[PDB]
């Protein structure tokens, strides 16, 4: 791989701030050599500076944790990816042919209930921030709509899929997702900055506060830091740090979290767009310099996360901007991948 470009990374962060991110930061673990940069504030009212050690809400990076647990259950013989979801969760879905593999790769056709919840950004956030939902509550919300397409038809993102994933994990193991993440991933990898505290609203330790950008251009930002994230749970409630996500994705890609066979299934790509694929709770992004990286993006109110690693896990990158509902910042932060993996032009 070419050398990571710190000057380019510095510019990306600086640009994100110019676009509305109170703070932005990135950490690269380049085969044992660390690159770390940050600019801006963790708390815009107090002015405390953001740092690469600040904890944050990783959004759907959570999906990769959920998929890891499920694939270990496959290795253990407790789950068959091609078995129907209704086999393990009787009567849950109206189609007894929607499979676990389809749900894990967003090819189930299940309607995404969050499209209803967040039609309006801030009102939607105020509506769910302090709510506690059961997994079934969420599935029911989804099922009120018809499916959007035939199972296995094509990739269509839906948080409902990983809500089902969490329900499967708890049913098959008889434990909470928190317990499973801890025993199967957090402890083994010693991810000391990683937690799943749902429905607690507090983020443990020093963290970056999240700032939700309202739908109205120029509108005042909303501190969205403390919420239950119950609308996502196994689809997006994990809290972590740049160091911990780098360790996790490097461990995943270097083959330390499941059998070679299950990692292969995890990387069977379904087309998302011309430069992206989705496997099982895992995203593939193709960079301009012809390099593909693996991991996941995350969006939780006030937090945009990119956490990706090279195919062999030797280089990993995690970037975070503490604002959300700001496409300019979202697009800009994606450039950290180009600077970190592709290097200087």
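Positions refer to the first chain, counted from 1.
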- Using the B-factors recorded in the PDB entry, average over the C-alpha atoms of 116 to 124 and of 144 to 152, then report which stretch comes out higher. 144 to 152
- Avg C-alpha B-factor, entry values, 86 to 94 vs 191 to 199, higher side is 86 to 94
- Message: Looking at 74, 110, 253, 232, which one carries the largest C-alpha B-factor according to the PDB entry?
- Response: 253
- Message: Checking the record values for 318, 301, 31, 310, which has the greatest CA B factor?
- Response: 31
- Consider only the C-alpha atoms of the modelled residues in this chain, order them by B-factor as the entry records it, and name the third containing residue 166: lowest, middle or highest. middle
- Message: Quick check on the deposited entry: does the C-alpha B-factor of residue 6 sit in the lowest, middle or highest third of its chain?
- Response: lowest
- Message: Quick check on the deposited entry: does the C-alpha B-factor of residue 281 sit in the lowest, middle or highest third of its chain?
- Response: lowest
- Against its chain's modelled residues, does residue 217's Cα B factor rank lowest, middle or highest third? highest
- Task: Tell me, lowest, middle or highest third: where does the Cα B factor of residue 46 rank within its chain?
- Result: highest
